[PDB]
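Only the coordinates and a few stated rules stand behind these numbers; no lab work does. Cβ atoms come from the backbone with ideal geometry, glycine included; neighbour counts cover every protein chain shown.
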Amino acid sequence: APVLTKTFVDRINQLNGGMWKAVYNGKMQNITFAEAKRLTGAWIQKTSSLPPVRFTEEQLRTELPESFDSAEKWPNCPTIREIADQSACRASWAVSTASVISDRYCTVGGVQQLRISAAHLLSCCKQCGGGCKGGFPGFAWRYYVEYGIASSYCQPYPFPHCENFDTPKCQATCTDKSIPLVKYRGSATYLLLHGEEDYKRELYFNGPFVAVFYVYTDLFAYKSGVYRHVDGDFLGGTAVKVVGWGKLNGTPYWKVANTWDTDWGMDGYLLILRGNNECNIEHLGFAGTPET
């Protein structure tokens, strides 16, 4: 039932040539297949119909840096650096989107510290998915524009750290009933469809965005370095927040915030190979704009 064994981890480090380091004695040492499936479930609708991004001429003419990090461009935006823990609810579709929306209130929306509620999104957007069963990030972005989402102050995340439970009921009131519920809406949502240069230009001007990529079992052993899939079973798709790009010992990467708490990866982060649509990470990004 184990996803990881010592033999599997040895084979992984043989096939990856040392580009990244796989470990057996980490956070996922004993995770099973049924538990690993709790961490995917981000779904994509091949049609969509969301509009593509539109850059201005001044933005297109802007020369982009060799490395970039969102937290370095917006050092007064604390939510950019906060790593979430989705727990054992198939919720990355909501947690990543809510995390990006919170960052953009600071980078684009003129609000320095507004944390948006992933619990509200996953429990009250019934058209987005099946709550803790899974969901579409694209539908979550539409819901933000159409209906709006409560803040974490009003509806904090209810699931705890592990080593889980049902979709919470949708509530029109805050968990603390003395606190009134305020909904926050977007004005627009749009897609990044042309890969690496779209990603870089959107990050540079507007900050983090959501991308989905393919999850294989060798990812659960990732400790450090620049990840790329070399072996193991396909498990599905997961949604992550992209925050930057750079190079590590010659190898280009995207810097990505996972939702598996800070005891996985590089303090919660994943560095994934950049340049050749690794594990489909460059195929499609989601972003949007807060009302002002």
Revision key, fill the gap. Within the under-13-Å Cβ sphere about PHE8, not counting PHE8, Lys/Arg +1 and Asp/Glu -1 give a net charge of -2
Review point. Just going by the charge dipole of the chain, with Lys and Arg at +1 and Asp and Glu at -1 on Cβ, which of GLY268, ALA42, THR175 is farthest out on the positive end?
Key: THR175
Point to revise | All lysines inside 17 Å of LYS6 as judged from Cα atoms, apart from same-chain residues fewer than 8 positions distant | key: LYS21, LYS27, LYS223
**Study point:** Cα-based shape type of region 220-292, given that a ≥ b ≥ c are square roots of the gyration tensor eigenvalues and the cut on a/c is 1.5
**Key:** rounded
Point to revise | Rough spin-label spacing in nm, given labels placed 7 Å along Cα→Cβ, for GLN113 and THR262 | key: 1.7
Practice item. With a ≥ b ≥ c taken as the square roots of the eigenvalues of the C-alpha gyration tensor of region 163-247, please select rounded if a/c is under 1.5 and otherwise prolate if a/b is larger than b/c or oblate if it is not? Key: oblate
Point to revise | Dipole of the chain [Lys/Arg +1, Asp/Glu -1 at C-beta], most positive-end residue of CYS124, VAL100, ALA150 | key: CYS124
Study note, to complete from the structure: Inter-part gap, Cα centre of region 77-137 to Cα centre of region 6-73, in whole angstrom, is 17
Review point. If you place +1 on the Cβ of every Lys and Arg, -1 on the Cβ of every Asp and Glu, and leave all else neutral, what size is the dipole of the chain about its Cα centre, to the nearest 20 Debye?
Key: 540
Study note, to complete from the structure: Within the chain, the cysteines whose Cβ lies no closer than 4.7 Å to any other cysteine Cβ are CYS162, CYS279
Point to revise | Cα gyration tensor category, rounded, prolate or oblate, for the chain with a/c compared to 1.5 | key: oblate
Review point. Taking 0.36 nm per residue of separation and subtracting the Cα-Cα distance, what length does fully extending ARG81 through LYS46 add?
Key: 9.5 nm
Check your understanding: Each label point is 7 Å from the Cα along the Cα-to-Cβ direction; what then is the distance between the points at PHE234 and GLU146, in nm?
Key -> 3.0
Exercise for review: May I ask you to list the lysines whose Cα is less than 26 Å away from that of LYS126, ignoring any residue fewer than eight positions away on the same chain?
Suggested key: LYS37, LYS46, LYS169, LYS177, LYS183, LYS241
Study note, to complete from the structure: Summing -39500 (n - 2.57) over every DSSP H run of at least 4 residues in the chain and dividing by its residue count gives a helix-only mean residue ellipticity at 222 nm, to the nearest 500 deg cm²/dmol, of -6500 deg cm²/dmol
